[PDB]
Each structure stands twice: as structure tokens, then as C-alpha cells.
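Following: one structure in C-alpha cells, then a few remarks.
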10 protein chains.
Amino acid sequence: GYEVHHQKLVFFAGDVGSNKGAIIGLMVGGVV
Amino acid sequence: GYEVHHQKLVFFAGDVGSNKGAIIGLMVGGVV
Amino acid sequence: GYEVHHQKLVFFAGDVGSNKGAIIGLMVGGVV
Amino acid sequence: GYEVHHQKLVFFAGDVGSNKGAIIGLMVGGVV
Amino acid sequence: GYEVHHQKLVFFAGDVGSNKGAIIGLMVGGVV
Amino acid sequence: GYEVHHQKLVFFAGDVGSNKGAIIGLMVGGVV
Amino acid sequence: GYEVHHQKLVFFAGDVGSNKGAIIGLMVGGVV
Amino acid sequence: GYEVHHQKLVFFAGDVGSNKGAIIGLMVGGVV
Amino acid sequence: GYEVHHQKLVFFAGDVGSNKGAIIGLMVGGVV
Amino acid sequence: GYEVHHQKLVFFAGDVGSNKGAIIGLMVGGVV
């Protein structure tokens with residue numbers, strides 16, 4: 001018997017005002 | 001017997017005002 | 001017996017005002 | 001018998017005003 | 001019998017005003 | 001001036017003999 | 001001037017014989 | 001002037017014989 | 001002038017014979 | 001002028017025979 005529930009994975013749980021930059025989850029190299 | 005439920009995966013659970021930038025989940029290289 | 005339900009995958013669960021930028025799920029290279 | 005529940009993984013649980021920089025989860029190299 | 005619950009992993013549980021820098025979870029090399 | 005090239009993203013760069021299991025890129029929940 | 005190149009992201013760079021198990025990149029919950 | 005190159009991210013750079021278990025990159029909860 | 005190169009991130013650089021267990025990069029909770 | 005190169009991050013640089021246990025990079029809670 002296996003009971004698995006209610007897992008979650010959020011990257012950004014909130015509110016942003018005036019995002020002029022970068023919100024990136026996974027980057028390899030590159031220039032921001 | 002297997003019971004799996006209520007998993008979730010969100011990247012951005014929230015509200016944005018005036019997004020002038022970048023909201024990226026997975027980038028490889030490149031310039032923001 | 002297998003019981004799997006109520007999984008979900010959202011990228012952007014919220015509201016945006018004046019999106020002048022980029023909202024990208026998965027990019028490989030390239031210039032924003 | 002296995003009972004696993006209510007795990008979570010957030011990167012950013014909060015609110016940002018005027019994000020002019022970078023919010024990156026996992027970077028390899030590159031210039032910010 | 002196994003009972004595991006309510007684990008969590010946050011990187012940034014708080015609010016930022018005027019982020020002009022970098023908030024990075026895991027970097028290998030590179031220039032900030 | 002922007003010069004971005006030669007990015008790549010592979011999940012499985014190799015050879016498999018007698019795959020009787022599962023090779024999955026991104027799963028949410030469920031039983032293997 | 002921006003010069004970004006030759007980034008890569010592999011999950012499995014190699015060879016497998018007789019895969020009877022699971023090779024998963026990103027799982028949320030669930031039973032293997 | 002920005003010069004970024006030759007970044008890489010591998011999870012499994014090698015060979016496996018008789019994989020009867022699990023090779024998982026990122027799991028949240030669940031039973032192996 | 002910025003010169004960044006040859007960064008890498010491997011989790012498993014080697015060979016496995018008869019993997020009957022678990023090779024997991026990042027787990028939150030759960031039973032192995 | 002910035003010159004950064006040849007950084008690396010490995011978790012397991014070697015070979016395993018008969019892995020019947022667990023090889024985990026980062027766990028929060030849970031039972032092995």
C-alpha cells in the first residue's frame with residue numbers, strides 16, 4: 001500500500017511590481 | 001495498491017504589474 | 001489498483017498588466 | 001504501508017517591487 | 001509503516017524592494 | 001551587436017540496449 | 001557586443017544495457 | 001564586450017549495466 | 001571585457017553495474 | 001578584464017558496483 005499526495009514545486013509564489021529585469025528558473029551560461 | 005494524487009508544479013503563482021523584463025522557465029545560453 | 005488524479009502543471013497562474021517584455025517557457029539560445 | 005504528503009519546494013516565496021536585476025534559480029557560468 | 005510529511009525547501013522567503021543586483025540559487029563560475 | 005550560437009539541450013545522448021523500463025524527461029506524480 | 005556560444009545541457013550522456021528501472025529527469029511525487 | 005562559452009550541465013555522464021532501480025534528477029516526495 | 005568559459009556541472013561522472021537502488025539528485029522528503 | 005574558466009562541480013566521480021542503497025545529492029527529511 002502506497003499513499004503519496006500533496007507535493008508541490010513552485011518557483012515564484014508571490015507578486016512582482018515593475019519587473020524590468022530577469023526572472024529565470026534554470027540558465028546555462030549567457031549574459032543577463 | 002497505489003494511491004498517488006494532488007501533485008502540482010507551478011512556475012509563477014502570483015500576479016505581475018508592468019512586466020517589462022523577462023520571465024523564463026529554462027534558458028540555455030543567450031542574452032537577456 | 002491504481003488511483004491517480006488532480007495533477008496539474010501551470011507556467012503562469014496570474015495576471016499581467018502591460019507586458020512589453022517576454023514570457024517564455026523554454027528557450028534554447030537566442031537573444032531576448 | 002507508505003504515507004508521504006505535503007512536501008513543497010519554492011524558490012521565491014515573497015513579493016518584489018522594481019526588479020531591475022536578476023532572479024535566477026540555477027546558473028552555470030555566464031555574466032550577470 | 002511510514003509517515004513523512006510537511007517538508008519544505010525555500011530559497012528566498014521574503015520581500016525585496018528595488019532589486020538591482022543578482023539573486024542566484026546555484027552558480028558555477030561566471031561574473032556577477 | 002549580439003552574437004549567440006551553438007546552444008544545445010539533449011536529454012539522452014547515448015545508446016540503449018533492451019530498454020524494458022522507463023526513460024522519462026519530466027513527470028508529475030504517477031507510478032513507474 | 002555580446003558573444004555567447006557552445007552551451008549545452010545533457011541529462012544522460014552515456015550508454016545503458018538492460019534498463020529495467022526508471023530514468024527520470026524531474027519527478028514530483030509518485031512511486032517508482 | 002562579453003565572451004561566454006563552453007558551459008555544460010550533465011546529470012549522468014557514464015554507462016550503466018542492468019539498471020533495475022531509479023535514476024532521478026529532481027524528486028519532491030514520493031516513494032522510490 | 002568579460003571572458004567566461006569551460007564551466008561544468010555533473011552529478012554522476014562514472015559507470016554503474018547493477019543499479020538496484022536509487023540515484024537521486026535532489027529529493028524533498030519521501031521514502032527511498 | 002575578467003577571465004574565469006574551468007570550474008566544475010561533480011557529486012559522484014567514480015564507479016559503483018551493485019548499488020542496492022541510495023545515492024542522494026540533497027534531501028530534506030524523509031526515510032532512507
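Labels used: A, B, ... for chains in the order of the C-alpha cells, numbers from 1 for residues in each chain, and numbers from 1 for ligands as shown.
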
Within 8 Å of region 3-12 of chain I, counting only C-alpha atoms, which residues show up once you throw out same-chain ones fewer than 3 positions away? Write them as a JSON list (two decimals) with C-alpha atoms, in the first residue's frame, please.
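Output file result00.json follows:
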```json
[["chain", "number", "residue", "atom", "x", "y", "z"],
["D", 28, "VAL", "CA", 26.31, 27.68, -14.85],
["D", 29, "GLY", "CA", 28.81, 30.34, -15.78],
["D", 30, "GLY", "CA", 27.82, 33.48, -17.62],
["D", 31, "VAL", "CA", 27.79, 37.15, -16.70],
["E", 28, "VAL", "CA", 29.28, 27.67, -11.18],
["E", 29, "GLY", "CA", 31.85, 30.26, -12.15],
["E", 30, "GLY", "CA", 30.94, 33.38, -14.04],
["E", 31, "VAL", "CA", 30.99, 37.07, -13.20],
["H", 2, "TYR", "CA", 31.12, 39.80, -23.43],
["H", 3, "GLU", "CA", 32.56, 36.38, -24.27],
["H", 4, "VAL", "CA", 30.84, 33.39, -22.65],
["H", 5, "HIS", "CA", 31.21, 29.87, -23.97],
["H", 6, "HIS", "CA", 31.59, 26.14, -23.34],
["H", 7, "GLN", "CA", 29.35, 25.79, -20.32],
["H", 8, "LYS", "CA", 27.72, 22.43, -19.77],
["H", 9, "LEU", "CA", 25.44, 20.65, -17.32],
["H", 10, "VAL", "CA", 25.26, 16.85, -17.30],
["H", 11, "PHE", "CA", 23.42, 14.73, -14.80],
["H", 12, "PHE", "CA", 24.80, 11.30, -15.76],
["H", 13, "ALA", "CA", 27.98, 11.14, -17.86],
["H", 14, "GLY", "CA", 28.69, 7.43, -17.88],
["I", 25, "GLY", "CA", 19.90, 14.46, -7.43],
["J", 1, "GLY", "CA", 39.07, 42.44, -17.93],
["J", 2, "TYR", "CA", 37.68, 39.20, -16.49],
["J", 3, "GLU", "CA", 38.95, 35.68, -17.20],
["J", 4, "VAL", "CA", 37.07, 32.85, -15.48],
["J", 5, "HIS", "CA", 37.27, 29.27, -16.67],
["J", 6, "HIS", "CA", 37.46, 25.55, -15.90],
["J", 7, "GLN", "CA", 35.19, 25.42, -12.87],
["J", 8, "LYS", "CA", 33.40, 22.17, -12.21],
["J", 9, "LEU", "CA", 31.02, 20.60, -9.70],
["J", 10, "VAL", "CA", 30.65, 16.82, -9.54],
["J", 11, "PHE", "CA", 28.70, 14.89, -6.98],
["J", 12, "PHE", "CA", 29.90, 11.36, -7.80],
["J", 13, "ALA", "CA", 33.08, 10.96, -9.87],
["J", 14, "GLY", "CA", 33.60, 7.22, -9.75]]
```

Item to complete: Please report, as a count of residues only, each residue of chain D to which DSSP assigns strand (DSSP E or B) when run on this structure's backbone.
Response: 19

Practice prompt. Between CA of residue 27 (chain B) and CA of residue 17 (chain E), measure the distance and give it in Å to one decimal.
Written response: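 These atoms are spaced 25.3 Å apart.
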
Item to complete: List the neighbours of residue 21 (chain G) out to 7 Å using only C-alpha atoms; skip same-chain residues closer than 2 positions along the sequence, and give me the result as a list in words.
Response: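 In the requested form, the answer reads residues 21 and 22 of chain F; 19 and 23 of chain G; 19, 20, 21 and 22 of chain H.
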
Okay, now the selection with C-alpha atoms, as an mmCIF file, in the first residue's frame?
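Output saved as again-v8.cif:
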```cif
data_model
loop_
_atom_site.group_PDB
_atom_site.id
_atom_site.type_symbol
_atom_site.label_atom_id
_atom_site.label_comp_id
_atom_site.auth_asym_id
_atom_site.auth_seq_id
_atom_site.Cartn_x
_atom_site.Cartn_y
_atom_site.Cartn_z
ATOM 1 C CA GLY F 21 11.891 0.210 -18.117
ATOM 2 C CA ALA F 22 11.073 3.892 -18.475
ATOM 3 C CA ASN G 19 17.309 -0.735 -18.420
ATOM 4 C CA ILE G 23 15.470 7.121 -15.771
ATOM 5 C CA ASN H 19 19.571 -0.566 -14.230
ATOM 6 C CA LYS H 20 16.825 -2.139 -12.119
ATOM 7 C CA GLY H 21 16.464 0.849 -9.800
ATOM 8 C CA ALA H 22 15.833 4.551 -10.301
#
```

Fill in: CA of residue 16 (chain I) to CA of residue 16 (chain F), straight-line distance in Å
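Going from CA of residue 16 (chain F) over to CA of residue 16 (chain I) covers 14.3 Å.
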
Worksheet item: Can you tell me how far CA of residue 18 (chain J) sits from CA of residue 26 (chain H), in Å to one decimal?
Response: 22.3 Å
